[PDB]
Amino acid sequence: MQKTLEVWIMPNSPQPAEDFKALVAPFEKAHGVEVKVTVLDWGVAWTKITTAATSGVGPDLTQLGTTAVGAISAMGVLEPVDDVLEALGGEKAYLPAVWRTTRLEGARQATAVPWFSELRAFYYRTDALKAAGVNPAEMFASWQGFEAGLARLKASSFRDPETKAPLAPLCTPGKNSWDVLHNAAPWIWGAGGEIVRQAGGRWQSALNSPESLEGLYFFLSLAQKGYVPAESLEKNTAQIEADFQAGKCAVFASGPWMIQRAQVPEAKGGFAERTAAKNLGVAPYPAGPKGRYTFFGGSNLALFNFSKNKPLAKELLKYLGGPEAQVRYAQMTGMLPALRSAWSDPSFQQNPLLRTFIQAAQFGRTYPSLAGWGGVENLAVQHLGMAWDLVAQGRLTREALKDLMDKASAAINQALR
């Protein structure tokens, strides 16, 4: 007799199903319904979602990554959710970058409800910067400051108290990570570039624009100038997080989840005992030639238009999208709320590192919600990876980067036709 809603999620928190069921238990009691959650392993999440969309067999609600909204929306399989967004405060309730992820680009109606936001900022070793005579305020004020700070960090005599070795100035992945384009995007944007741009109602690559090439080379060249260890370029973001925790890196970019890890003993997967946890700072990405930008991703929630339970599903979207559940689930995931009013909650404001992430959040920017986004990103990342391979050999020239981005741009433009 009790009605059920089926919800698909990805592994967003340490106990994905149990955490999600705790989160919705008050909703279940209030409506007299049961929520049946299925956790889609990141290895299979996108294929399961695509099959639901083509077969018309699947859950009531699914999590969608922000960059997937366009593709699933373009299939015509998602219920409009303008009513839910208006209930939560409408366009003004969201950072504009997050609002853009509610619909296919150009669409009249919203098809996704923002759930949580992934953003990246720079963690740094407060002990290392102090030793190097680098002030964070100045290092993160400008690209020129940022590179000058890395130069000072490379020259510094400072040794980690546990490793007994100097720190790498900057650690970053290259091509062997899920977030190759995301790591590049703030540098593209800060120079005045873009991955794709709309001209005359038509989307084309801008990776080979002068401004994109300026930002890309600024970032990639740090590794050829000695500021990034060759071994970092073999690794993914999770491995670079481990190197920072281990005291091997003065500066590296990640999300807000590292702050919770810094409070958790090493025996439970954290790094509380390590020098890095006791000497931890955060700064936003440095202001570039045209602007300061912070990468945003994360996930939204969508309702399949073949659902038999649309009213109750939209009540659950309002609950998950709304203030109380936004704060609770951002804490569980180590993410930031998608609902901007939640950024003022004391769970963010009481922690200095989370306050800096809130500062970084106001500069947020995301990719356009294109149906063809995955093709764009895939072709961009293949060519950026060839650029990272030249970096690893010290052979990335300006001209070599332009050749690779022209090749990427030709392939992207063909894909978008």
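The numbering used is simple: start at 1 and walk along the sequence shown.
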Of 91-99 and 270-278, which one has the bigger average CA B-factor? 270-278
Average Cα temperature factor in the PDB entry - higher stretch of 149-157, 168-176: 149-157
Could you say which of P59, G32, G70, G65 has its CA atom at the highest B factor, as listed in the PDB entry? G32
Can you tell me which of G288, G322, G133, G334 has the highest Cα temperature factor in the record? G133
Would you mind ranking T356 by its C-alpha B-factor against the rest of the chain and naming the third, lowest, middle or highest? middle
Modelled-residue ranking by C-alpha temperature factor, third containing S117: lowest
Comparing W187 with the other modelled residues of its chain, is its CA B-factor in the lowest, middle or highest third? lowest
So, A387's CA B-factor, relative to its chain, sits in which third? The lowest
Using the temperature factors of the C-alpha atoms in this entry, rank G193 within its chain: lowest, middle or highest third. middle
